[PDB]
Every structure is written in C-alpha cells, then in structure tokens.
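Visitor: Pasting a structure here, questions to come.
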Amino acid sequence: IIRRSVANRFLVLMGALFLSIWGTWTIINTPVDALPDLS
Amino acid sequence: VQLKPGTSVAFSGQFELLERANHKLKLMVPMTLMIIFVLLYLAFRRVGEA
C-alpha cells in the first residue's frame, strides 16, 4: 500500500497537484456564515 | 437608435440558449483534454508519448 504508491510516484504527484488546484478553487468559491442554522 | 433612461433592450429567443450553450462548450474542452491526457499517461506511463 505504501510500496505500490512510491513506485508510480509521478501519477501521485499529478493527482496531488490537481487536488491542490481543485481545493483552492473550492475554497475561494465557498459560501460564508456566522453560525450554523440552530432554528 | 439612442437609448432612453429607464428602458433596456434585450435579445431573446434562440440567441440566449445559443450563448449559454456556447459558453458551456467553450469551458468544456479543458476537461476533455485533461481526461484524455490522464488516460494516456495511464497507458504509456510517459508524458512524452501522451
């Protein structure tokens, strides 16, 4: 599980980069609020 | 033709749907290219051939 992932590390790095881009987008595009709806 | 304050002019009908579909198709190409490149690296394991 660890050895089989370090072997093909190029795909892992590409996936990590894509995840970083997607997460940055989702973060800059997330709504905001003060407190969750307790009503 | 000169406009008047308080009135607007908007084209509707097939043109609105055409513009919507055009924007969607314009922003849809990157996803296709990325999927193709990913599945190509999955098969050749090299960026060069991909």
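Each chain of the structure tokens is named A, B, ... in the order shown, its residues numbered from 1; ligands are numbered from 1 in display order.
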Output the contact residues of chain A with respect to chain B at a cut-off of 10 Å, based on only C-alpha atoms, as number ranges by chain.

Guide: A: 8, 10-11, 14-15

Visitor: List every residue of chain B that DSSP, applied to the backbone, labels as helix (DSSP H, G or I), and write the result as a PyMOL selection string.

Guide: chain B and resi 14-44

Visitor: Would you output that residue set with C-alpha atoms, as a PDB file, in the first residue's frame?

Guide:
```
ATOM      1  CA  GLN B  14     -32.822  31.180 -29.666  1.00  0.00           C
ATOM      2  CA  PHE B  15     -29.933  33.600 -29.071  1.00  0.00           C
ATOM      3  CA  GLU B  16     -29.922  33.279 -25.274  1.00  0.00           C
ATOM      4  CA  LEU B  17     -29.812  29.480 -25.422  1.00  0.00           C
ATOM      5  CA  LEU B  18     -27.165  29.682 -28.146  1.00  0.00           C
ATOM      6  CA  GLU B  19     -24.951  31.893 -25.980  1.00  0.00           C
ATOM      7  CA  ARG B  20     -25.416  29.659 -22.932  1.00  0.00           C
ATOM      8  CA  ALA B  21     -24.507  26.530 -24.896  1.00  0.00           C
ATOM      9  CA  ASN B  22     -21.564  28.349 -26.485  1.00  0.00           C
ATOM     10  CA  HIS B  23     -20.110  29.324 -23.111  1.00  0.00           C
ATOM     11  CA  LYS B  24     -20.626  25.787 -21.803  1.00  0.00           C
ATOM     12  CA  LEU B  25     -18.904  24.238 -24.827  1.00  0.00           C
ATOM     13  CA  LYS B  26     -16.074  26.770 -24.581  1.00  0.00           C
ATOM     14  CA  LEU B  27     -15.374  25.860 -20.953  1.00  0.00           C
ATOM     15  CA  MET B  28     -15.961  22.132 -21.599  1.00  0.00           C
ATOM     16  CA  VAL B  29     -12.819  21.471 -23.758  1.00  0.00           C
ATOM     17  CA  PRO B  30     -10.230  21.610 -20.930  1.00  0.00           C
ATOM     18  CA  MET B  31     -11.966  18.775 -19.068  1.00  0.00           C
ATOM     19  CA  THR B  32     -11.927  16.576 -22.174  1.00  0.00           C
ATOM     20  CA  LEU B  33      -8.259  17.287 -22.873  1.00  0.00           C
ATOM     21  CA  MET B  34      -7.320  16.603 -19.249  1.00  0.00           C
ATOM     22  CA  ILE B  35      -9.203  13.296 -19.147  1.00  0.00           C
ATOM     23  CA  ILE B  36      -7.559  12.245 -22.413  1.00  0.00           C
ATOM     24  CA  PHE B  37      -4.090  13.129 -21.126  1.00  0.00           C
ATOM     25  CA  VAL B  38      -4.667  11.297 -17.838  1.00  0.00           C
ATOM     26  CA  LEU B  39      -5.895   8.121 -19.525  1.00  0.00           C
ATOM     27  CA  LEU B  40      -2.973   8.365 -21.966  1.00  0.00           C
ATOM     28  CA  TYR B  41      -0.369   8.572 -19.210  1.00  0.00           C
ATOM     29  CA  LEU B  42      -2.190   5.627 -17.631  1.00  0.00           C
ATOM     30  CA  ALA B  43      -1.374   3.559 -20.741  1.00  0.00           C
ATOM     31  CA  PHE B  44       2.057   4.787 -21.893  1.00  0.00           C
TER      32      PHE B  44
END
```
